[PDB]
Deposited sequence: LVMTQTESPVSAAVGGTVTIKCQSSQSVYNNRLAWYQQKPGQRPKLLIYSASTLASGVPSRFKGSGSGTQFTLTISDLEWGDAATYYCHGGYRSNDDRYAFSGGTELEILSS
């Protein structure tokens, strides 16, 4: 059981990015959630249940779809979104939960 993410993306300041996530087994329930971690800080929950927003999080952030295959698209990009982004899924009776490698987001001038 493993998950994978993209590598080192860069993107422009009204810009849009899509971060792709794969899992080798299909998740249990719809248990896939998203986090951002800024350096020197603990993780912050963004999306849970594949597509539901967490508390205080804007609707620039959207998550999709089901599997196996998931995507997180951030639109209307701002500077404070440069961070690392993580994927995290639930399964079934040992190896219950798993994290991916993490995709760092470099925000760039337009």
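- Residues 14, 94 of the deposited sequence, counted from 1, carry no C-alpha coordinates in the model.
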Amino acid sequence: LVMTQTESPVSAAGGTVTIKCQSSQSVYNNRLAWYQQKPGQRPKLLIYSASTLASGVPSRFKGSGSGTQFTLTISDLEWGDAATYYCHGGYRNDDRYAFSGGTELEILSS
From here on, numbers count along this sequence of modelled residues.
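- Mean CA B-factor, 39 to 47 versus 62 to 70: the higher value falls on 62 to 70.
- 83 to 91 and 15 to 23 differ in mean CA B-factor, and the higher of the two is recorded for 15 to 23.
- Residue 54: CA B factor lies in the middle third for its chain, per the PDB record.
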